[PDB]
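Here's a solo chain for you in structure tokens, the form deposited without this ligand.
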């Protein structure tokens, strides 16, 4: 199964963390990276005093179950990132989001795939489109059609 994972970091100096997270994704059992998007830079949500966000998409080949993949992505978040004391129960300094898991629709207490809001997020769709321009969502909507119709601005490269 090809899973598509969104990497987000809000560290002032995120490259070391992001590269560590990429290596860690590869170390996941029964899984390996197929490709990684360019790194993209987007404005911090709210006040602009905060560093830019680093955004990227990863194609991960895997034979794990979706929940098993989630276990590992959560572990990597714990090991490579930290709580943001400004929003403790929100995203950590490193966020790994499972955007898509093959053509599967998954709804559980701990996991919703496709990611519940990704179709509204240029910062998730653009890096995904770079590595998977022909992508079709489980409901049959085309990634390319969403980007074109919604007219999201392109992102700046890191």
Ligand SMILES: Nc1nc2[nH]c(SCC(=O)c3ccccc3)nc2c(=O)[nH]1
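Residue numbers count along the first chain shown, from 1.
What follows is about the form deposited with this ligand bound, which we do not show.
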Open vs blocked: this ligand (in the bound PDB entry) superimposed by pocket C-alphas, blocked if 3 or more ligand atoms lie within 2.4 Å of a backbone or C-beta atom? open
How about residue 30 - does it come within 4.5 Å of this ligand in the bound PDB entry, if we only consider non-hydrogen atoms? no
Quick one: does residue 45 come within 4.5 Å of this ligand in the bound PDB entry, counting heavy atoms only? yes
Residue 129 near this ligand in the bound PDB entry, any heavy atom under 4.5 Å? no
At 4.5 Å between heavy atoms, only one of the stretches 22-30, 57-65, 129-137, 35-43 reaches this ligand in the bound PDB entry; which one is it? 35-43
If we check this ligand in the bound PDB entry, which of the residues in 113-149 reach within 4.5 angstroms of it by a non-hydrogen atom? 117, 121, 123
